[PDB]
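One chain follows as structure tokens, the form deposited in one PDB entry.
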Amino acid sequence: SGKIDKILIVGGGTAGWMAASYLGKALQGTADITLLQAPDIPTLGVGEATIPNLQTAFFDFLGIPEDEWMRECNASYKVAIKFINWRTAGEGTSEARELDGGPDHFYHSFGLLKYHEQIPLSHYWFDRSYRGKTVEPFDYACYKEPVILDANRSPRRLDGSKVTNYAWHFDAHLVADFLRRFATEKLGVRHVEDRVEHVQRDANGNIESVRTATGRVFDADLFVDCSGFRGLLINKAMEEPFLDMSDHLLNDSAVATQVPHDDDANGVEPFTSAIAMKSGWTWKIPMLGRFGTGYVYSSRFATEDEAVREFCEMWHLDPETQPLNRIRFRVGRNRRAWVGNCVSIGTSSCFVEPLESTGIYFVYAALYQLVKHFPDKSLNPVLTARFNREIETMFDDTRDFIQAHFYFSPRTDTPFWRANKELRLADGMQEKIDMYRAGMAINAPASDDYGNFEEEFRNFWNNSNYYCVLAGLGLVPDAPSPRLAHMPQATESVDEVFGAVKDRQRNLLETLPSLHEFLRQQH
């Protein structure tokens, strides 16, 4: 026993330096931290989309202002994820097809859903919809974001004031470098360039040390595995098994690239695009002067060649000369994230396709859970088990949520879209759906007011999130919430709360600058 004196982080990508920075800040001056990383074959900056608490739960914790890291990571703004062509049949194209008089898209934005007499606006929307009182989509009726996003507006006025919740788009490599400099320079984290040659464990199954290719042996009390999909420590050394989640998620591959973009001519979209394809979907992450894009697909329904072709044709790129990143993912999670004195953080722990921008979130959320369940040398088993429970539900809930994007799509045009309907939802997901169909809110927020992590983490996917995606795809309740028939005054008075959103939509549309205009001035 005695406190943890030394920590060794293995792996130096985004997760590695995020861990180095978070732990370095949390245990400042009370633990010696070293990170081991060797040169990997370089990849293109295909983009990363994020969520609001990246600032409040991560950069704020580090004491780094939004403007400080944005400027050095050449970041752009994200207000939502625009889902394109998830309800219509056809080829993989960047242009939205037509559906019921308008483009086939729906937004899942960050804006929150206001209550009315203790009930989510979603329920009132559906009540009117079901009774043929409105035909307006859920997102446009309940959020002000869609209208201003259709016009590529900025989430901030030129004077800097914020009008909507938003997150970021950026090249992950730049953030990693920014953090590497911050950790080594400001937090005293020791960076060592070496390749793991051997991991020495003891009779208790814990890691004693790791010997590198140069012969240096690194011993520590706690080992953090940020080696990525390889899982050098957690899977390879500790032999912890990985749980393949292919019975819920068919997508396991990707071919991506970065495309130059003239922002002066076309402007910049304040949102991540999730473009439905024939055997998966494609992301478009707008940055400054370019956009990252990647086709996430299922190797079971498309060969790598076919994916490359579909992806390149969609963007009018030459398959033979376009610099491409061909990736095969390890989808799922370890049976246990933390075993013995080895904690896995990042993709070494778990991974799911970036359909809902959880990649970086999974890292700082887990780091928050590690510090909260921080052990000493006795390694109390309870801290470890509880940590694993939080990680396990964090992932499985996201897994379920994501599967629902595919399971509930109305498309039947390709073998892929049809196969998704043939998979089964996890029992916990089916219950949420049962609830949704019964007119109940799903994990409704206690308040309609991203500032407190514990609260966010505990209620990550809430009623708003589920309605955006579910209603967006077309899945709606079997009937209105029975409680509304007993609230005539409330259903009469909503007309003015739906009116407030319309006014906000109109006023923001006519007063906000374009995202490009705002970026152009800030620069």
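One rule holds for the numbers: they count along the sequence shown, beginning at 1.
Another form, the form solved in complex with a small molecule, is not on view; read the next lines as being about it.
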Name the stretch: of 25-33, 470-478, 485-493, 48-56, exactly one has residues whose heavy atoms fall within 4.5 Å of the small molecule in the entry with it bound. 48-56
Just one of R153, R399, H123, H108 has a heavy atom within 4.5 angstroms of the small molecule in the entry with it bound, so which one? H108
Of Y130, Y450, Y140, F218, which residue is found within 4.5 angstroms of the small molecule in the entry with it bound when only non-hydrogen atoms are counted? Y450
In the entry with it bound, is there a heavy atom of the small molecule that lies within 4.5 Å of any heavy atom of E310, even though the partner is absent here? no
Does the small molecule come within 4.5 Å of any heavy atom of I81 in the entry with it bound? yes
Using heavy atoms and a 4.5 Å limit, would one call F61 a contact residue for the small molecule in the entry with it bound? no
In the entry with it bound, does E456 come within 4.5 Å of the small molecule, counting heavy atoms only? yes
All of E356, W461 and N465 within 4.5 Å of the small molecule in the entry with it bound, heavy atom check: yes
